[PDB]
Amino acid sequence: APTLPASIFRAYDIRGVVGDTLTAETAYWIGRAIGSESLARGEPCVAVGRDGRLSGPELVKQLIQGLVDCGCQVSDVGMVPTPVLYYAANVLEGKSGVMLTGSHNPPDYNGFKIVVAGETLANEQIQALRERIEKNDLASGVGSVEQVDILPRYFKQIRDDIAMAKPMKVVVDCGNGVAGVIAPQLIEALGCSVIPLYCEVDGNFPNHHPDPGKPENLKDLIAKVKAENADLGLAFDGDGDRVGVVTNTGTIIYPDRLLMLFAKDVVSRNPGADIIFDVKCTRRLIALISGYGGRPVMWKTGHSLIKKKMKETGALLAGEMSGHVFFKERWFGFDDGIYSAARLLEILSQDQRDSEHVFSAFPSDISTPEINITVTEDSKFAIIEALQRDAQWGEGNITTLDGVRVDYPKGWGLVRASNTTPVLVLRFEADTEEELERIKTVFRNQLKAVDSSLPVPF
């Protein structure tokens, strides 16, 4: 086995650049490592999916071959959204699955999201794959591949459980990612008229990058919603595990406010249910869930970490500020932008009001857009560690489960290390602009007390 770069082995999954840190050979040995780990967990059966990236066909054949070369029975589901691969790993024989995807990143990026024997791998489990390859601790066998056309089953499973009470006209922006293979068609099937934007699968991403977390990537969606007098706008990220939302008047509903609507819905049928959200989400979500009799559970950012927390708590719903939304109620517990869009349309269609009014009813605070500070990969965790050791935050509820978050009577602030880029991520929100600035000042001073040279671009 060859020497693969350590940098592609990340906290949540494997992420690289094709031609640079990710080659065909690397996909092969990663397949070998995953196959070996699946077998060590008693699971010979592994589903494999890929997104609509240009490098998909080349790297996916190597991933599959690495798996068969362990003795694994592979189910090749072809080109699908990430959640359809997770679906396959819940409904086929095996509980293992690998998705070849570069998520929302530029064209040349790819990567692997990995489920082994029901468990989404993270942290030291991803490192353990890297280590198997270095040690040649790898299975050898004569496996097999069967092709499985799973998209029609996924389509029908969703369609048969969603009950829209009336028609809606929805603009759907796929960003030329892989969601175009099912989302527009499925949403129409639910009982909608659909106005497509960038729904042709095209790995060059010639229009805007499929990344609905950035307002600029929703500009075209907002304009089309308004131009066509549509009831809602929906945008999917490149691999379909994230969704973004805009109302009939063009207001962006950030995923933490989306989760309020979903949490009300899930808890209404499931008294006392755990509902998970990441440290990037509005504090208003804590009170809202508690008020409905749910148990709010704040947890680490990162899809794989949220998925693990789901298993540990029995949560019926989870969501991240990035728009990864995980339904366990009526579903399987994995993140799925398409399924989440279907659940949103079901709820909105049962309300006489328009989507703008449905969402504006919930309490709102003044929020910042994400703040990112570039540091280094080898210093970002130590900055956080120093804050956790040394910092003083004044009176507040301090949470260090991921970075440092402090919840004050009238607002909150967060600083944490990104696990996908060499950056500190900050968020602030408050009742008033005055409190927003008081909190920002606390955080600015605590960063400067650790390292007075740190940028404080806020």
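Only the largest set of C-alpha atoms that superpose within 1.5 Å between the two forms is called the rigid core. From 1 onward, residues are counted along the sequence shown.
Enquirer: After fitting on the rigid core, pick out whichever of 360-368 or 149-157 shows the bigger RMS C-alpha deviation in 5 other deposited structures of this protein.
Expert: After the core superposition, the stretch with higher RMS deviation in 5 other deposited structures of this protein is 360-368.
Enquirer: Do the Cα atoms of 381-389 or of 259-267 sit farther, on average, from the shown structure in 5 other deposited structures of this protein when the rigid core is superposed?
Expert: With the rigid core fitted, 381-389 is the stretch that strays more in 5 other deposited structures of this protein.
Enquirer: Give the stretch, out of 435-443 and 21-29, with the larger mean C-alpha temperature factor in the deposited entry.
Expert: Per the PDB record, 21-29.
Enquirer: Can you tell me which stretch has the higher mean Cα B-factor, 209-217 or 317-325?
Expert: The stretch with the larger average C-alpha B-factor is 209-217.
Enquirer: By the entry's C-alpha temperature factors, tell me which of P57, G35, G49, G413 sits highest.
Expert: The listed residue with the largest C-alpha B-factor is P57.
Enquirer: If you compare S340, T301, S75, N105, which has the highest Cα B-factor in the entry?
Expert: By C-alpha B-factor in the record, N105 ranks first.
Enquirer: Determine, from the deposited record, the chain-internal third of the Cα B-factor for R41: lowest, middle or highest.
Expert: Middle third of the chain for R41's C-alpha B-factor.
Enquirer: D390: which third of its chain by C-alpha temperature factor?
Expert: Highest third of the chain for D390's C-alpha B-factor.
Enquirer: Relative to the other modelled residues in the chain, which third contains the C-alpha temperature factor of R284: lowest, middle or highest?
Expert: Highest third - that is where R284 ends up once the chain's C-alpha B-factors are sorted.
Enquirer: Taking the values exactly as deposited, rank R153 by C-alpha B-factor within its chain and report the matching third: lowest, middle or highest.
Expert: It falls in the bottom third of the chain.
Enquirer: Can you work out whether the C-alpha temperature factor of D335 puts it in the lowest, middle or highest third of the chain?
Expert: For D335, the deposited C-alpha B-factor lands in the lowest third.
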